[PDB]
Structure formats: structure tokens, C-alpha cells
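We've got the same protein chain twice here, in two forms, each standing alone as C-alpha cells: structure 1 and structure 2.
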Structure 1
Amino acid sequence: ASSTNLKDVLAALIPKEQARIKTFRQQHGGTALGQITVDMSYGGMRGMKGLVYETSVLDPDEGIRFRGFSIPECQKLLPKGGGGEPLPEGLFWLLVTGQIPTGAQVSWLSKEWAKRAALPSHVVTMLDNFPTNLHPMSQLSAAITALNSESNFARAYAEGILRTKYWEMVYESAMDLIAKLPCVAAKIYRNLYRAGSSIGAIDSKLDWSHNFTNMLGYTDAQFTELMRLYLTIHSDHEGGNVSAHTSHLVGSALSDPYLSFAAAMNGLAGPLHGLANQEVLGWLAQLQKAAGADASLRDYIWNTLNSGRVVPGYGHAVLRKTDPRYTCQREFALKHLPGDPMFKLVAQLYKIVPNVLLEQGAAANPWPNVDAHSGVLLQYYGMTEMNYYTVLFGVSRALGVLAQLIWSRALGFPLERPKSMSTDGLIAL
């Protein structure tokens, strides 16, 4: 009897996995996975295997996998609006469940996210009073912190629930959070760039992406398509990234999903992380200020490097090859906006940057990452407020980080608390 419900599905799945991890441990907990060196310690845990994170795994060479699903694979397997790009909704189901959802599953997330999307008055209020020189990311992060008012987990914890049920309240507070995000994100949008206008209402019959674009104010049918791919691809990127790890870390301490996502956002906002979004465009934007020669393009990159700055959108802590998310984006451009002069500059940089980066002999991965290609796409559709780009990244990222958060709690992962050491201490060791 009956119909769709992620939670019932999860209820069936938790005990299995719990079991599976206990036996594995019972036999392998003692197993050495790896060693820790000094350089690793001074180096940002680079190359250290430090966390269990289920939803996605990043391969240095091939790039990210949602189960074991690649981006090309997702593209073909995940349900679509009607109609070429994958619905982040179906992405979400996959991440949570390990399985490819049916259209019918997918429609259910959509409605669910539609039903839950509602903002409390104190939040609307704060957003409406924020100054316009407060960065969109700051605005977003303070809003999500402020939503903690409403945390179902915060409240259940205060009532004393058994630790076993944590995952259930997490899940609710995840689903409500994902639901609200686009509203928050769009409110910021409309306040800063469309002053006096309103975000409008959520239509239960649309997919999350589409409601998002309406709230943003965009009509173009291809924009919507852009949005669906963008929000799916930015999903998740394993557990070690600043944003995800931040969530995992904060969430480990039993801070509710709102506080943990917000902290994640503060991490996403750093230049070496998701703000690279934004930095890309600005650098591109200066480049053109200062149709160029590869040689003048090259002088320009050198001048950055010489100046003690990074080239934004290039390099990666884990990837060692061109990001497939980059390829993914390129391939969208080539289909849709192949004559765009911004696009063409990005295409030409691809010819030059890595070469310059090899020449310099510093970057371990001279190839571009997702950030190098995302803004170009946005600008094209008219969304040219580049200090806002990272917000979009932030909305997508909720998908992966929250899908995991639920599992961490389902699995009972304890407090994240490694040991630190000072230089003198290490010197002594």
C-alpha cells in the first residue's frame, strides 16, 4: 500500500548500513590506512585521509562521483524537467539514498521543497535592513544563522531526545533548509540589485530551480536549464573541501543544520574557495580593461603571479587534471553561447594559463577548476552582478553537505577533534 517518502526509505536503509560499518570496523578498525608526516601537518592535511564522507568521492584524475556516478553519467541518468538538464532534486535523492530516483520520486522532492519554503518574519526583516555594502555571502550566512530560531533539531535536543533519533530531526531541518534557501538567496538578490521589487511566491508545481529563477526574475527558458545544471554540478565535492568539512566539523558538535550550513558558508566565502566564482569574473573584467594577443595575455598572468596573487579558477588541492565540472560547463557554452566574447576569452585562457602555470613551477595542478567557467555562463544570461555568484554556489552546496549531515548523525559519527601540536612540540617529538 501507499506512496513516496524519503524518510521511510532512509528508515529502512540506516540499520543496514549501521550494521555494515560495525562489522567492518570489528575486523578492520586497527588497520593502518596511512601515515602522517611533518609536511602534511604544516601543509593543510594535504594528502591526509582524514574523514568518512559518503555522498561523493573525488578522484584526482577522473574527478567527482556521486554514487559512483560521474557527471556525464548523472547527465544521462537523472530525470530532467521535460528538458535536457538534470534536476538537482534527483541529484539530492541520489546522494541521500545511493540510488537513481524515478521521475516520480523526483516530483515528490520538488513538491516537498515547495511546501516547506517559507520565511519567518525576523529573517525578512534583517535582510531588508542590511546595508548594500554588506557582501551577499555575509548576508546569506547571517540569514541562515538567524533561521536557527526555527531548528527542529535544536528543539528536540533541548527536549532531551535519545541520540538515536537525531538523524530524523536533522532530516527535517535539512529539507526545510533546502526549501528556504532560494527564498533567502532571491531576497538578497532583489534587495541589492532590484530594489523595490518582490520575490514573489513559490508555485508548487514547479521544480526548485525554476521557482528559484522566477524569484530571481529571469524569464529566459535556457537560463532555467543553466540553473538546473549549475545547481546539480556544484552539489557536492567530497568531505575534505573547506565548506563541506566545516559543516561536518560543526555538525559533529551537535549544532543544528542551520548553524552548520552557515559556518560552511563562511568557508565558501574565502577567495581560495567558492569566492573564486567571483574573483574569476573580476580578474577577467580587469583583464579586458587593461580582443588581445596570447602574448599580452601572457604578460598579464605573469604580472598577477609576480604580484604575490593567485590566478583565480586554476589549481586544485586534490584534482590533478582538468575539472570535469569545467568541461561540463564548456560543453554548455559551445552548445548555447559559442560566440560570446567572454566565453572566447575563457577559452583562450585555457590555452595559456596552465602553460604559464607550468612555467612558474609552483602549482601542483595547473588545470582549471569549476570556478574558472561558471561566471561566464551567468553574465551571458544577464546576471552580471559577480559579487553574487558565490551565493549560487552556496545554494547548490547545501545539497551535498546536508545529504551527508543526515548520514553522519544516522551513523552516530562522534565529535571531530584531532590533536594539534606546536612547532616546538613537533621539533621535540
Structure 2
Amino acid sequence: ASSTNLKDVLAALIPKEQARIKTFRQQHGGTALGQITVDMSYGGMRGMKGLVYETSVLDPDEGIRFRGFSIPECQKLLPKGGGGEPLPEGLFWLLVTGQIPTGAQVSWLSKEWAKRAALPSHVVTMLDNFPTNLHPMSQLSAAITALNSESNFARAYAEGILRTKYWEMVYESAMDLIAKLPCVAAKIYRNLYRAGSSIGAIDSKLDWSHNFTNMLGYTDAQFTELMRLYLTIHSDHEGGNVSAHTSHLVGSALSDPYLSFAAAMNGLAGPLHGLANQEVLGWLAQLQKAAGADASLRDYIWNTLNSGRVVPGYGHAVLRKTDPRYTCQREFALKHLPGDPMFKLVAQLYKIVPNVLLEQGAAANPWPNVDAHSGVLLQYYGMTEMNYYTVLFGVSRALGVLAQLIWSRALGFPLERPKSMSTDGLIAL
């Protein structure tokens, strides 16, 4: 047939990457990066360099970057569904490499996951008897913890593999995870909202995104495409966010990938971490019954900002133009769902909001994010089961919390371990 080695590649790159970091820490190593304040301790390590996360960096001028590769350059580059919208595969490839997977490097992986894609009967069991009253983000988290039984790394932990051999199996757990994530999550849904029917089979002929949607039991061809672009973009976004930080912290403790990703979700399961996409959509909804004007919404938002309220969705700390990940989904409705009452709307906010904000001193990056653009698309296709949107966002962040997990292991990074505080101490300190 055809293919590239992935693991094979990975294996080659490393000593390259492990040498650059050793020269580096070897010279400039103890060079003075920053200061800690008694305020930043109390602020959640707020603006406190402490990462070394390597897959993505926020650029105040371009948005997020999957190397130097920004939202837009991936789009036209990462290899297409064979559609318009990119494959989370090539994306996951990119992230692990620093490279743009070619045709057969991407398909390489689809066949790869196709395969890897097997769920124990004990996780099937357990998913099945979960009471509906248990949130999806809760059942997910439990499955993955239960799937941890299957971990090649735990097992080679037991058996005594060696340091340097750490990645070559945190990788193996790594691919399987991603492979059987859409089964766990397809299963959740179906069980929840599709009157617990079957999730179906797995077609090796299909690429990740599609078997998800087809396990998800949606058939709209446009549907899958959104699947493909939604998994790519929600993917990664620095190593300081709840989800990533948490895969990282638990993972540091040499905890198999599975274990660090079901904690990573207890983290995403958070309110100040999991529900944004949702918040907005609800506010829009309210907008919804509260076709109309530039004039009336400019008036309502006006009132909103003035009545001490805020618009769920716009205004980023650093960002310094449109989160392109918003643009990405907007570049889509038009393609797609162009005269959609609720999209329309969304798109109005776009016209109105930035100005009002700027004009009503609550600026310097008044442009919307992603969380403003998705929910309106999910629902359009049928995806109205909102509690569930958090799983989709966990099925996507997957690709970028694993694809570095394998590198923290690979570079051989130590136990996260920040000496802790105490208010009586600092008072003397």
C-alpha cells in the first residue's frame, strides 16, 4: 500500500529536540524569566510563566498557532477530507511532528485509528447501566478511567521499561485513546438522547470525523464536514488551560495517558471551563424572543452594556483581532446555513457589538472568539442537546493534550512541583 511511520518519524525527531533543549538550559538555563508577587499567588498563578507546553502558542496578532501555523494556514494546508474542511487527523499529525502530513500520512492514520478502535466489554457494560441522571461529562470521565485497564504504559511500568523508553508507549495508549474516544462519546449520546440504541460499527474505509458522526447517528453529509473542522479547531490552545494543565499535572506523576485525560475532563467539566459555547447560546436564545435591526439590537446591547451586563462571547485579554476560529465557523454558515434566522443573528452581533464595546470603553480586543460561533452551528444540524456540547469539546482538546503528553514524556520533564503557600507564612516572608 502506502504510508509514513509516525511513530517512526517521532523516534527520529526526538534526539534532535532533546539536544536543543539541553544546549539551551545548559547556557541561558538560570536566566531570569520573571518575578512572583504576593498578589499572583492569590491570583491563580496569574501571568506566571511556568509552562513549556510545545504544541501551541497564542499570537496577539494572529490568534492561536499550531507551530507557527495559524488557524488560516492550517485550513488551506492540512489535507482535506477528499470536502473543504480539514481533518483532525492531519492536525493531530501536525501537532506531534511540526509538520504537515501528506495524503497517505493522513490516511495512514485513519486506517490506524480504524483499527485501534476497540472498547472492552466492561466499559460497554458500565456505560450502559449509567443512570441518565449522571451528566455525560461525568460518564465520559468514568469510562476513560475504566479504560485505563487497557494501558500499555502502566503495564510496561510494572514490567520495568526505561526512562528513555517512556514515550514509545505513552504513544501506544495515546493512539488507542483517540481511537476509542468517539465510541465512548457516541455511546454516551445514543444512550442519553437516542433512547440508548446502538452506536454501530466502525468502517475502516472512514476517516475519524465520519465514523464519529456515523456512530453519533447523523447522516447529513454537511454534518460531517463540520464535524471535521470542529474537531480540528477546539483541539489545542496553550498548556495553561484547565484541561491541558491537568492532563499535564496528573500525567507528570507518570500516570498512564488514560488516567490523565479523565482528570483532564473533570477539569473541562468545570463551569468556569466547560460551559461557554452554551452560556452564549442561551443568551442568544433569550435575545431570540425578547428579524430586527441594526437599530434594535444596537439598542438592546447598549442597554445591556449600560445595565451593568456583558455580551457572552466578545472581548479577549490579548487577542488583538478576530479569533479566526470564530471566523472559521462564519466562513461556514455563509457557505452552508446562510439565511438561518439564528445565524443571521449571530452575524448581526458581529456588525453591532464590536463598535458599541469600543464606544462604551470595554475594549482593546472587542472581537469575538469561537464560543460565539459554534453553538449556533451545532443546533442547526440537530445537535440541540446542549449539556452534551462539553463532550464534543473534550473529544477535540484530546488531540492536543495527548500530542504533548507523549513529548513531556519524550523530553523527559519532571513532577510538577511548585512549593506551596500559606497566608501566615507569606505574612512573615
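For the two forms, the rigid core is made up of the largest set of C-alpha atoms that agree within 1.5 Å on superposition. Numbering for residues begins at 1 and runs along the sequence of structure 1.
K.L.:
For the list 285, 206, 254, 142, which one shows a CA move of 2 Å or more between structure 1 and structure 2 after the core is fit?
P.N.:
Everything else stays below 2 Å; the exception is 285.
K.L.:
With a threshold of 2 Å on the C-alpha, tell me if residue 177 counts as moved between structure 1 and structure 2 once the core is superposed.
P.N.:
Result for residue 177: no, shift under 2 Å.
K.L.:
Residue 367: with the rigid core matched between structure 1 and structure 2, does its Cα shift 2 Å or more?
P.N.:
Passes the 2 Å threshold, so yes.
K.L.:
Would you say residue 108 moves between structure 1 and structure 2, meaning its CA shifts by 2 Å or more once the core is fitted?
P.N.:
Where the cores coincide, residue 108 shows only a C-alpha shift between structure 1 and structure 2 that is less than 2 Å.
K.L.:
If you line up the core, how far does the Cα of residue 234 move between structure 1 and structure 2, in Å?
P.N.:
A shift of 0.5 Å.
K.L.:
Mind pulling the C-alpha shift for residue 351 between structure 1 and structure 2, with the rigid core superposed, in Å?
P.N.:
So the C-alpha of this residue moves 6.6 Å.
K.L.:
Fit the two forms on their core, then tell me the C-alpha shift of residue 194 between structure 1 and structure 2 in angstrom.
P.N.:
Its C-alpha shift, to one decimal, is 1.1 Å.
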